[PDB]
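Inspection log for the structure reproduced underneath, given as structure tokens.
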Amino acid sequence: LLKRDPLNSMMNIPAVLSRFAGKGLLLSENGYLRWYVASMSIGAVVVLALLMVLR
Amino acid sequence: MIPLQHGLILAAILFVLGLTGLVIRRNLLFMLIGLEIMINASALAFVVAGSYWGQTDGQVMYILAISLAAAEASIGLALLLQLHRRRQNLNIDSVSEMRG
Amino acid sequence: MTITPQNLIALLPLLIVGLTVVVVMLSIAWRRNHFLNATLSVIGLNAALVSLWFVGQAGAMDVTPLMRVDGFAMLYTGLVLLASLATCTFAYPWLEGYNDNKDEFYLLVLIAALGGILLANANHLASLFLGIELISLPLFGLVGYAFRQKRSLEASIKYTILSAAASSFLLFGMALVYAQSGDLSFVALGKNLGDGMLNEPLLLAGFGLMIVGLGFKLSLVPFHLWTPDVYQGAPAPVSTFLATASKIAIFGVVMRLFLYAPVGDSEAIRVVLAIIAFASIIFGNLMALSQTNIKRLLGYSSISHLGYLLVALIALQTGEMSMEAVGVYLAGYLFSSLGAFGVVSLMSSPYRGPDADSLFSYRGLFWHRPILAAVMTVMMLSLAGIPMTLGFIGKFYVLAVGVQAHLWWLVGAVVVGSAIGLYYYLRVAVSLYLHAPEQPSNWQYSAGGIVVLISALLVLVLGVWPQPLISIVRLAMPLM
Amino acid sequence: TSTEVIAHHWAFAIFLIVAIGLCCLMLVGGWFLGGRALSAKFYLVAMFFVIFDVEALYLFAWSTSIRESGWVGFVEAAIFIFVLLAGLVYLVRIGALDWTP
Amino acid sequence: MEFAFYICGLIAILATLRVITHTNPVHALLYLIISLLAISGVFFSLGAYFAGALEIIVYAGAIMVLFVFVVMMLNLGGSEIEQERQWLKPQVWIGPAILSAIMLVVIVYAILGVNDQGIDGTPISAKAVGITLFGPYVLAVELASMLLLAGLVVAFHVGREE
Ligand SMILES: CCCCCCCCCCCCCCCCCC(=O)OC[C@H](COP(=O)(O)OCCN)OC(=O)CCCCCCCCCCCCCCCCC
Ligand SMILES: CCCCCCCCCCCCCCCCCC(=O)OC[C@H](COP(=O)(O)OCCN)OC(=O)CCCCCCCCCCCCCCCCC
Ligand SMILES: CCCCCCCCCCCCCCCCCC(=O)OC[C@H](COP(=O)(O)OCCN)OC(=O)CCCCCCCCCCCCCCCCC
Ligand SMILES: CCCCCCCCCCCCCCCCCC(=O)OC[C@H](COP(=O)(O)OCCN)OC(=O)CCCCCCCCCCCCCCCCC
Ligand SMILES: CCCCCCCCCCCCCCCCCCCC
Ligand SMILES: CCCCCCCCCCCCCCCCCCCC
Ligand SMILES: CCCCCCCCCCCCCCCCCCCC
């Protein structure tokens, strides 16, 4: 049951999560300038809304 | 007798409309037009704020703003002309080669 | 206020760089000579460094309602001038491969350095805005200097459009701040408030829009998506300048703005910057995981390293040595980025025209360029925060500053992002020494090699013995 | 709020209104009456006009307050005009303003 | 000066709303010129006489001339964008309009609740702007000359024909 190290695998799963999160985040780098402008405006909305909420 | 809130709201409306024009338009010329609307709106907001305080600094900030607007309109139109003469196409979605 | 002769002494690097712009432009008007105009540019920048010595012999004072000169300004002026000199040195062989006019490059580098110096001394919203634009527009020219190449034109268009939008955001935020507070100087932003009314909604909205513009300029999440495309598309000396001088100058003026403004110690702005720093560290490291392109990898690296700097900025209004941490980290980051982007520039020089490929192909670099491979692996270890490198000294400063201010989420973010950096930086540094199947002779290429070698030696020596750099940074303190 | 200033405001408004209405009425009468049956040098000169027009605006602001600025303002405007003229000399010498190469 | 401010702000808003949703570039630039003239009238209503004069002289008289020059020399006669009108499709504009409306709502909420004695509208002359410009704002003027030089050099290097 242990011949393929289970504790090593459950310590390896942060690397799996990091690779998955990196592949997911790389979808935002699609190379489209209109999306870059849109993401800047989204970030502006988020920053202003956070500042108004926090006051 | 004119409120500061009304002038700032007018400037905010123009800025938001220019940003919308920059986002929704696929032609690079209309993106430059939206940029010009945004920078003119920010300069108008500076003029409104300076007129509220009775200070000349608002018009000085306007002068620096329109210096920037003129120079970056020149640069953006030069790049637009280069894109037109190299691709015969002003679609901004076509110039998307570099990607993650 | 009027300008006394002592004030003219304090403006010495700015005056010398402006005079160098005029002299280089008139020399181009005389005769288009690459060597003479490059030499005049580097002579002007070295004269600006010696003028920094003369400024240090003078006092620290407010030269205008706009500018304030002190040790802080001197340190950032020195960093910007070193980055500009390295950019010119890396640019000469690459421009020697170029076919069109190749002196407007040095004119634009000088004007961008002038903007960096203005941001180093900027004490006013007008000077901040003007310094950002004086950095930005020559970089519009420099990123698309090889506009016949598809990638450089694409990067130029993206950078121009997004920086114009970010300047609009920054200017609108400045206008809202000026609507709230009747003065545009840094020390008066939030001055007319009290009894727990520091978080005025208009002041916070103006600082939010300014944060949008500055966080575009600093490649901070979520204004970071331009960075790998522009870094990959730009010419490699332009990528060197864009990674070092622009980021250093803009972060210095952000540091001074948050030091001097009475709204700098705001809980809402601190929380927003903590969110931006956390996201910047994690996202930059995670996106750099699976990059085979070295320039995109260094773009995501710049995102994460500016996140670490932002963590050092968040602890500014609570602790004391946040300025010292930012100075030490910026010196280390400057030298590491100069080495890395200089190796990328030297192996991509001379320019191969708009039609030929410009991929780095760093695999097996040791078997034909061993010294550049050693410099590149020293820089990869330094950007990873490995001990015996100055990047670790900066990372240690960031961790100490975060621990002192009880920023535990940011401390854990730095640790996790550092582990992810370990992975991809070590991937590059060990791919340098493998075996690749397949795929100079002038003193300016040798000068670029000497620049990257001296950067590597500085990184190693100041990683082992960091006390001289700490002592230099600690005496470069602004007006309290 | 004096009588003279409001009189001149009304006179200027009537001047603009009657002028534009006269042009409009001229075109309306013309249309109603009667029976029925490139090269990049232009961009360069326009861009040069824009840049030198902004620098001209700086000189417009200076020219109305020369006595109030003193000799210090003269030195600053002289540096401004010198940079402006060096840019013009550079444009002439590199062939940017040469229309027939 | 109040009625003029409100009617000119209304004209500017309507004109730029027509700008961003128009297909003909020359018509869009004409509506942009109208919005700039309206904004100059807004400037004149607030007493910023120099700013309104420069809004017509520079913004509506130099920059938009450059835009009209570029549009006329590129000869946009419907190159695969006019025949599509993708920005009028709901899925393209509805999202960003929602995002911009949210940004406007947050900004306007920030504008309200700020103390306001009202804008006097007293004329701030060009003499005072010139005194401030060549007084406490000297380095702004010199480095703005450098900024315009940078724009000149960049635009010449990129936009020359050869
Ligand atoms: C070796 C360790 C690592 C070094 C890395 C350095 C990176 C940044 C480079 C620029 C840093 C400048 C920092 C200056 C801080 C000065 C702060 C200060 O207050 O200085 C005052 C001091 C005079 O003393 P004081 O009596 O206080 O003066 C007031 C009297 N009214 O006056 C001074 O202290 C004068 C300072 C003059 C500095 C001149 C620098 C010339 C350029 C040297 C470049 C060396 C090569 C580096 C690059 C290698 C290749 C990449
Ligand atoms: C993934 C790895 C990284 C993980 C994230 C980084 C570490 C997170 C640590 C969280 C600490 C939570 C502290 C909560 C209370 C904070 C406020 C407070 O009252 O702190 C107590 C004290 C300051 O209060 P004072 O009155 O001055 O008392 C001085 C004497 N202690 O505070 C102090 O005096 C200093 C408190 C120091 C706290 C511990 C710092 C060292 C952390 C060790 C490693 C991380 C924890 C163990 C490993 C977890 C799994 C990785
Ligand atoms: C017991 C709990 C309490 C104590 C906790 C102590 C925490 C610190 C010590 C443990 C750290 C565990 C790290 C586990 C991953 C180690 C790295 C690794 O395995 O790398 C190899 C792998 C590359 O190999 P391969 O998968 O073949 O290639 C894919 C790409 N072509 O690489 C990859 O696939 C990608 C690697 C990405 C970078 C490494 C992952 C970093 C994740 C965060 C590190 C910090 C974790 C903090 C604690 C989390 C919970 C335990
Ligand atoms: C009428 C309904 C709409 C019809 C179609 C559009 C026509 C144009 C409407 C806008 C322009 C006119 C608005 C009405 C102005 C009437 C004059 C006025 O209000 O004067 C007051 C003030 C005088 O200055 P002041 O000395 O401060 O006054 C206080 C006295 N102590 O004045 C000021 O301070 C400044 C006055 C305004 C600035 C000058 C005029 C600007 C014109 C901008 C035109 C924009 C483009 C219009 C295009 C229309 C077609 C689409
Ligand atoms: C302390 C500095 C650490 C970073 C620099 C590392 C480079 C040192 C100088 C180059 C040495 C390279 C040796 C490569 C040997 C490869 C052998 C492969 C076949 C076994
Ligand atoms: C995807 C990567 C995510 C990395 C997350 C890193 C988190 C590190 C651990 C942070 C723990 C913070 C605990 C703070 C407790 C504060 C208590 C204050 C009491 C007054
Ligand atoms: C009141 C009479 C004064 C007579 C002497 C005037 C000359 C001394 C003062 C000159 C100040 C000039 C300042 C120019 C700054 C230029 C900065 C350029 C930066 C690129």
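A note on labels: chains of the structure tokens are A, B, ... as shown, every chain counts residues from 1, and ligands are counted from 1 in their shown order.
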Protein and nucleic residues near ligand 7, 9 Å, only C-alpha atoms and all ligand atoms, as a compact mmCIF listing (two decimals) with C-alpha atoms, in the first residue's frame:
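Output file part25.txt follows:
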# COMPACT_ATOMS: atom_id res chain seq x y z
CA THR C 2 12.31 82.54 -7.19
CA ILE C 3 15.39 80.48 -8.04
CA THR C 4 18.48 81.55 -6.12
CA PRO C 5 21.92 80.41 -7.36
CA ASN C 7 18.75 76.40 -5.99
CA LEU C 8 20.50 76.26 -9.37
CA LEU C 11 19.18 71.37 -9.93
CA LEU C 14 18.49 68.08 -14.22
CA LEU C 15 20.29 71.01 -15.86
CA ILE C 16 23.14 68.83 -17.14
CA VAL C 17 20.76 66.24 -18.64
CA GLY C 18 18.67 68.97 -20.29
CA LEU C 19 21.81 70.61 -21.69
CA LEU C 114 15.37 63.63 -17.31
CA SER D 69 7.91 88.32 -14.17
CA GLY D 70 11.02 90.49 -14.39
CA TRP D 71 14.37 89.40 -15.74
CA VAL D 72 14.08 85.92 -14.20
CA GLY D 73 11.03 85.22 -16.36
CA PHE D 74 12.99 86.54 -19.34
CA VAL D 75 15.81 84.06 -18.66
CA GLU D 76 13.34 81.19 -18.33
CA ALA D 77 11.52 82.12 -21.53
CA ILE D 79 15.78 78.96 -22.31
CA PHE D 80 12.33 77.85 -23.54
CA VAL E 138 9.14 77.31 -14.06
CA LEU E 139 10.55 73.79 -14.16
CA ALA E 140 7.15 72.57 -15.32
CA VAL E 141 7.47 74.88 -18.34
CA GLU E 142 11.04 73.82 -19.17
CA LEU E 143 10.37 70.11 -18.81
CA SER E 145 9.25 71.89 -23.61
CA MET E 146 11.35 68.75 -23.21
Inset, instruction - Residues within 12 Å of ligand 3 should be enumerated using only C-alpha atoms and all ligand atoms and returned as a count of residues only. - result: 42
What are the residues of chain B that have an atom within 7 Å of an atom of chain E, counting only C-alpha atoms, as a VMD selection string?
-> chain B and resid 1 to 5 9 to 10 12 to 14 16 to 17 20 to 21 23 to 25 51 to 52 56 59 to 60 67 70 to 72 74 to 75 78 to 79 81 to 82
Looking at E:162, E:75, E:134, E:106, which one is nearest to chain A, with distances taken over only C-alpha atoms?
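Smallest distance to chain A is found for E:106.
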query = Could you list, as an MDAnalysis selection string, all the residues within 6 Å of ligand 1, counting only C-alpha atoms and all ligand atoms?
reply = chainID C and resid 49:50 52:53 56:59 71 74:75 78:79 331 451 454:455 468:469 475:476
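For the choices C:199, C:431, C:389, C:266, the atom-to-atom distance to chain A is smallest for C:199 when using only C-alpha atoms.
For ligand 4, the protein and nucleic acid residues at most 6 Å away, judged by only C-alpha atoms and all ligand atoms, amount to residues 1 of chain D; 1, 3, 4, 7, 8, 34, 37, 38, 41, 44 and 45 of chain E.
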Write to file, as a PDB file, in the first residue's frame, the residues of the selection just made, with N, CA and C atoms.
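Output below, filename result_18.pdb:
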ATOM      1  N   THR D   1     -21.795  93.086 -13.497  1.00  0.00           N
ATOM      2  CA  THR D   1     -23.238  93.258 -13.403  1.00  0.00           C
ATOM      3  C   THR D   1     -23.637  94.704 -13.681  1.00  0.00           C
TER       4      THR D   1
ATOM      5  N   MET E   1     -24.112  82.899 -16.606  1.00  0.00           N
ATOM      6  CA  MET E   1     -22.951  82.018 -16.579  1.00  0.00           C
ATOM      7  C   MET E   1     -23.339  80.642 -16.068  1.00  0.00           C
ATOM      8  N   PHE E   3     -26.667  79.208 -16.717  1.00  0.00           N
ATOM      9  CA  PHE E   3     -27.377  78.596 -17.833  1.00  0.00           C
ATOM     10  C   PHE E   3     -26.415  78.189 -18.938  1.00  0.00           C
ATOM     11  N   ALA E   4     -25.407  79.025 -19.204  1.00  0.00           N
ATOM     12  CA  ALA E   4     -24.396  78.693 -20.201  1.00  0.00           C
ATOM     13  C   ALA E   4     -23.614  77.451 -19.805  1.00  0.00           C
ATOM     14  N   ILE E   7     -26.068  74.320 -20.215  1.00  0.00           N
ATOM     15  CA  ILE E   7     -26.372  73.960 -21.595  1.00  0.00           C
ATOM     16  C   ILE E   7     -25.113  73.498 -22.327  1.00  0.00           C
ATOM     17  N   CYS E   8     -23.943  74.059 -22.001  1.00  0.00           N
ATOM     18  CA  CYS E   8     -22.723  73.623 -22.667  1.00  0.00           C
ATOM     19  C   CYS E   8     -22.272  72.260 -22.160  1.00  0.00           C
ATOM     20  N   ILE E  34     -17.436  69.545 -31.723  1.00  0.00           N
ATOM     21  CA  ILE E  34     -18.578  70.188 -31.070  1.00  0.00           C
ATOM     22  C   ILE E  34     -18.490  70.044 -29.553  1.00  0.00           C
ATOM     23  N   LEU E  37     -15.831  72.473 -28.292  1.00  0.00           N
ATOM     24  CA  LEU E  37     -16.341  73.841 -28.227  1.00  0.00           C
ATOM     25  C   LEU E  37     -17.281  74.023 -27.042  1.00  0.00           C
ATOM     26  N   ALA E  38     -18.103  73.010 -26.758  1.00  0.00           N
ATOM     27  CA  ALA E  38     -18.979  73.063 -25.592  1.00  0.00           C
ATOM     28  C   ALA E  38     -18.182  73.095 -24.291  1.00  0.00           C
ATOM     29  N   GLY E  41     -16.869  76.483 -23.802  1.00  0.00           N
ATOM     30  CA  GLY E  41     -17.911  77.320 -23.225  1.00  0.00           C
ATOM     31  C   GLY E  41     -18.103  77.083 -21.737  1.00  0.00           C
ATOM     32  N   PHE E  44     -15.314  78.979 -20.116  1.00  0.00           N
ATOM     33  CA  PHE E  44     -15.624  80.403 -20.082  1.00  0.00           C
ATOM     34  C   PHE E  44     -16.695  80.727 -19.053  1.00  0.00           C
ATOM     35  N   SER E  45     -17.600  79.787 -18.779  1.00  0.00           N
ATOM     36  CA  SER E  45     -18.633  80.038 -17.778  1.00  0.00           C
ATOM     37  C   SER E  45     -18.066  80.058 -16.365  1.00  0.00           C
TER      38      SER E  45
END
